[PDB]
>>> print(open('work_19.pdb').read())   # PDB, C-alpha atoms
ATOM      1  CA  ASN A   1       6.135  -6.444 -18.515
ATOM      2  CA  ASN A   2       5.366  -8.455 -21.660
ATOM      3  CA  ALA A   3       1.693  -8.822 -20.738
ATOM      4  CA  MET A   4       1.086  -5.674 -22.771
ATOM      5  CA  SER A   5       2.329  -5.865 -26.346
ATOM      6  CA  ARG A   6       5.250  -4.011 -27.902
ATOM      7  CA  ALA A   7       4.109  -0.192 -23.356
ATOM      8  CA  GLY A   8       1.274   1.655 -21.645
ATOM      9  CA  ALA A   9       0.609  -0.116 -18.356
ATOM     10  CA  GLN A  10       3.351  -0.707 -15.797
ATOM     11  CA  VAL A  11       4.340  -3.233 -13.150
ATOM     12  CA  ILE A  12       6.563  -2.876 -10.067
ATOM     13  CA  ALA A  13       7.953  -5.716  -7.957
ATOM     14  CA  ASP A  14       8.733  -6.008  -4.237
ATOM     15  CA  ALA A  15      10.830  -9.103  -3.577
ATOM     16  CA  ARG A  16      11.233  -8.375   0.137
ATOM     17  CA  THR A  17       7.540  -8.068   0.968
ATOM     18  CA  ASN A  18       6.367  -9.903  -2.185
ATOM     19  CA  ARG A  19       4.188  -7.017  -3.309
ATOM     20  CA  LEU A  20       2.987  -6.148  -6.788
ATOM     21  CA  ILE A  21       2.171  -2.588  -7.870
ATOM     22  CA  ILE A  22       0.420  -2.544 -11.235
ATOM     23  CA  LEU A  23      -0.627   0.590 -13.116
ATOM     24  CA  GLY A  24      -3.049  -0.254 -15.913
ATOM     25  CA  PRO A  25      -6.388  -1.600 -17.101
ATOM     26  CA  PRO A  26      -8.806  -3.208 -14.626
ATOM     27  CA  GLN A  27      -9.311  -6.407 -16.630
ATOM     28  CA  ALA A  28      -5.576  -7.146 -16.711
ATOM     29  CA  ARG A  29      -5.708  -6.534 -12.950
ATOM     30  CA  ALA A  30      -8.571  -9.002 -12.471
ATOM     31  CA  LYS A  31      -7.333 -11.719 -14.836
ATOM     32  CA  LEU A  32      -3.810 -11.550 -13.475
ATOM     33  CA  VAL A  33      -4.967 -11.588  -9.869
ATOM     34  CA  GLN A  34      -6.746 -14.788 -10.938
ATOM     35  CA  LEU A  35      -3.502 -15.981 -12.545
ATOM     36  CA  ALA A  36      -1.821 -14.986  -9.280
ATOM     37  CA  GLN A  37      -4.307 -17.109  -7.320
ATOM     38  CA  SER A  38      -3.610 -19.992  -9.696
ATOM     39  CA  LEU A  39       0.084 -19.038  -9.680
ATOM     40  CA  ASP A  40       0.681 -19.212  -5.934
ATOM     41  CA  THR A  41      -0.469 -22.821  -5.963
ATOM     42  CA  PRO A  42       2.235 -25.498  -5.633
TER      43      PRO A  42
ATOM     44  CA  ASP B   1      -7.777 -14.180 -26.012
ATOM     45  CA  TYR B   2      -5.971 -14.890 -22.728
ATOM     46  CA  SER B   3      -5.787 -18.252 -20.961
ATOM     47  CA  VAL B   4      -3.680 -20.331 -18.588
ATOM     48  CA  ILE B   5      -3.326 -24.127 -18.649
ATOM     49  CA  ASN B   6      -1.560 -26.832 -16.671
ATOM     50  CA  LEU B   7       0.763 -29.611 -17.789
ATOM     51  CA  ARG B   8       0.984 -33.092 -16.301
ATOM     52  CA  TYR B   9       4.343 -34.244 -17.687
ATOM     53  CA  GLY B  10       4.995 -31.511 -20.256
ATOM     54  CA  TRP B  11       7.697 -28.875 -19.855
ATOM     55  CA  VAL B  12       7.010 -25.216 -20.618
ATOM     56  CA  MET B  13      10.784 -24.789 -20.916
ATOM     57  CA  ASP B  14      10.851 -26.954 -24.032
ATOM     58  CA  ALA B  15       7.477 -25.715 -25.277
ATOM     59  CA  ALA B  16       8.410 -22.022 -25.026
ATOM     60  CA  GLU B  17      10.652 -22.102 -28.111
ATOM     61  CA  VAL B  18       7.922 -24.157 -29.799
ATOM     62  CA  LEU B  19       5.028 -21.807 -29.128
TER      63      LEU B  19
END
>>> encode(input="work_19.pdb", output="structure tokens")
Amino acid sequence: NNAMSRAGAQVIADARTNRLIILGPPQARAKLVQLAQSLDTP
Amino acid sequence: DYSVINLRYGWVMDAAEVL
């Protein structure tokens, strides 16, 4: 939600099925899927 | 620009108010 500065793009969580629905630019998608792939590491 | 880094012994909890 604070990835975009003070909104434009949006982000929606699913804590039951651990899903992420993001509505925005494709580079934020790609870089934050990479941060997700670094983020789901222990 | 955007980046992500690790920490070995550092705490992002303490460094959040710093940065």
>>> interface_residues(input="work_19.pdb", of="chain B", to="chain A", cutoff="12 Å", atoms="all atoms listed in the file", output="list in words")
residues 1, 2, 3, 4, 5 and 6 of chain B
>>> resolve_selection(input="work_19.pdb", expression="the PyMOL selection byres ((chain A and resi 4) around 12)", output="PyMOL selection string")
(chain A and resi 1-3+5-11+22-25+28-29) or (chain B and resi 2)
>>> atom_distance(input="work_19.pdb", atom1="atom CA of residue A:41", atom2="atom CA of residue A:18")
15.1 Å
>>> atom_distance(input="work_19.pdb", atom1="atom CA of residue A:27", atom2="atom CA of residue B:10")
29.1 Å
>>> atom_distance(input="work_19.pdb", atom1="atom CA of residue A:20", atom2="atom CA of residue B:18")
29.6 Å
>>> build_atoms(input="work_19.pdb", residues="chain B", atoms="N, CA, C and O atoms", output="compact mmCIF listing (two decimals), in the coordinates of the input")
# COMPACT_ATOMS: atom_id res chain seq x y z
N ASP B 1 -7.35 -14.33 -27.40
CA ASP B 1 -7.78 -14.18 -26.01
C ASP B 1 -6.78 -14.81 -25.03
O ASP B 1 -5.89 -15.55 -25.44
N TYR B 2 -6.95 -14.53 -23.75
CA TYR B 2 -5.97 -14.89 -22.73
C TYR B 2 -6.42 -16.17 -22.03
O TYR B 2 -7.60 -16.33 -21.73
N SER B 3 -5.47 -17.05 -21.73
CA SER B 3 -5.79 -18.25 -20.96
C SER B 3 -4.53 -18.78 -20.28
O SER B 3 -3.41 -18.43 -20.65
N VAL B 4 -4.75 -19.64 -19.29
CA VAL B 4 -3.68 -20.33 -18.59
C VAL B 4 -4.07 -21.80 -18.45
O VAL B 4 -5.22 -22.13 -18.15
N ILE B 5 -3.11 -22.69 -18.74
CA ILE B 5 -3.33 -24.13 -18.65
C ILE B 5 -2.22 -24.76 -17.81
O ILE B 5 -1.16 -24.17 -17.56
N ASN B 6 -2.50 -25.99 -17.38
CA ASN B 6 -1.56 -26.83 -16.67
C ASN B 6 -0.83 -27.74 -17.65
O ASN B 6 -1.12 -27.78 -18.84
N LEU B 7 0.13 -28.49 -17.11
CA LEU B 7 0.76 -29.61 -17.79
C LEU B 7 1.00 -30.72 -16.77
O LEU B 7 1.38 -30.45 -15.63
N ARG B 8 0.76 -31.96 -17.19
CA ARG B 8 0.98 -33.09 -16.30
C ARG B 8 2.45 -33.51 -16.31
O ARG B 8 3.13 -33.48 -15.28
N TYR B 9 2.95 -33.91 -17.48
CA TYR B 9 4.34 -34.24 -17.69
C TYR B 9 5.07 -33.29 -18.62
O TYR B 9 6.29 -33.38 -18.74
N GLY B 10 4.36 -32.38 -19.29
CA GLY B 10 5.00 -31.51 -20.26
C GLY B 10 5.80 -30.41 -19.60
O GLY B 10 5.52 -29.97 -18.49
N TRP B 11 6.82 -29.95 -20.32
CA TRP B 11 7.70 -28.88 -19.86
C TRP B 11 7.43 -27.61 -20.66
O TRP B 11 7.50 -27.63 -21.89
N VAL B 12 7.15 -26.51 -19.96
CA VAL B 12 7.01 -25.22 -20.62
C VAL B 12 8.35 -24.68 -21.07
O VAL B 12 8.40 -23.81 -21.95
N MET B 13 9.45 -25.18 -20.49
CA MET B 13 10.78 -24.79 -20.92
C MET B 13 11.04 -25.23 -22.35
O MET B 13 11.52 -24.45 -23.18
N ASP B 14 10.70 -26.48 -22.67
CA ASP B 14 10.85 -26.95 -24.03
C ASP B 14 9.80 -26.34 -24.95
O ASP B 14 10.09 -26.00 -26.10
N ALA B 15 8.58 -26.18 -24.44
CA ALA B 15 7.48 -25.72 -25.28
C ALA B 15 7.50 -24.22 -25.53
O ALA B 15 6.73 -23.74 -26.37
N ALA B 16 8.36 -23.47 -24.83
CA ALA B 16 8.41 -22.02 -25.03
C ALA B 16 8.96 -21.67 -26.40
O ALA B 16 8.39 -20.83 -27.12
N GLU B 17 10.07 -22.31 -26.79
CA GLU B 17 10.65 -22.10 -28.11
C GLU B 17 9.73 -22.63 -29.21
O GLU B 17 9.74 -22.11 -30.33
N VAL B 18 8.94 -23.65 -28.88
CA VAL B 18 7.92 -24.16 -29.80
C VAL B 18 6.87 -23.09 -30.06
O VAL B 18 6.67 -22.65 -31.20
N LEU B 19 6.19 -22.66 -29.00
CA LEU B 19 5.03 -21.81 -29.13
C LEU B 19 5.37 -20.38 -29.50
O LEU B 19 4.50 -19.67 -30.01
